[PDB]
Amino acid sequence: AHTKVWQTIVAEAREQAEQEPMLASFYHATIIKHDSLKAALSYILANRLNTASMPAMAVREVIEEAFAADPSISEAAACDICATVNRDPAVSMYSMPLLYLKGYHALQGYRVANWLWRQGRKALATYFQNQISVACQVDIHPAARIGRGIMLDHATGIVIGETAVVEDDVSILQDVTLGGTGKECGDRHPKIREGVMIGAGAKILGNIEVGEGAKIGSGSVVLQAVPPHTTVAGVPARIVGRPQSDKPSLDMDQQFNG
């Protein structure tokens, strides 16, 4: 996929460039000049991560070093594109998440902060985490554990704490909290299993599990484990049914009768 995904992005960019002379250079410098998603993504992220104390051009090298050391980062990033193209009716182009969508930017920003975290460069990981919170309005602790094929749609107000886990193929909307409880260190954030769909505004708190292919109703406050393949809703949330599909993250059906 990752190779075909890149070629399509370049094809789309050539077309957009021709269509919009105000953005022709933007499309060229970010995408068309480049050979790989890595080069395009590092540019775009460095611009979002830009601060007075560490300009974009300096930031880009850090991003490039993470991408070179861990090939899985760029590849997750390509899987995250497909996920959003597939699940979001408002996105029908592969170049869109890469260029435009702050939830996508914050997610790949996270991957870089996480790599830093894992190298022991914790100050710099904290610095990136909090710049992303300011610039993308998404707050993901660098020690969170996040899989691939993830869609963060709209994303304003997403909060993902330190010991949170998000497995492959999860879809999360604006204003979702995967939050902690208490003042003590240790496991205290939710574990979101594969295929889970989380509607706008949901709050999930404590070290609790959300089982495979569960659906979390929009506006839910979840304080206890959610069984696999159930739909929950309410404040606090209770089981209200069973999702129409095996992996409700892929289908994005917001209804809660099930």
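Numbers for residues come from their place in the sequence shown, where the first is 1.
Just going by the entry, 155 to 163 versus 176 to 184 on mean CA temperature factor gives the higher value to 176 to 184.
When 31 to 39 is weighed against 49 to 57, 31 to 39 comes out higher, by mean CA B-factor as recorded in the entry. Annotation for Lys122: CA B-factor lies in the highest third of the chain's modelled residues.
For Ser72, the recorded CA temperature factor ranks within the highest third of the chain's modelled residues. Ranked within its chain, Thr231 lands in the middle third, by CA B factor from the PDB record.
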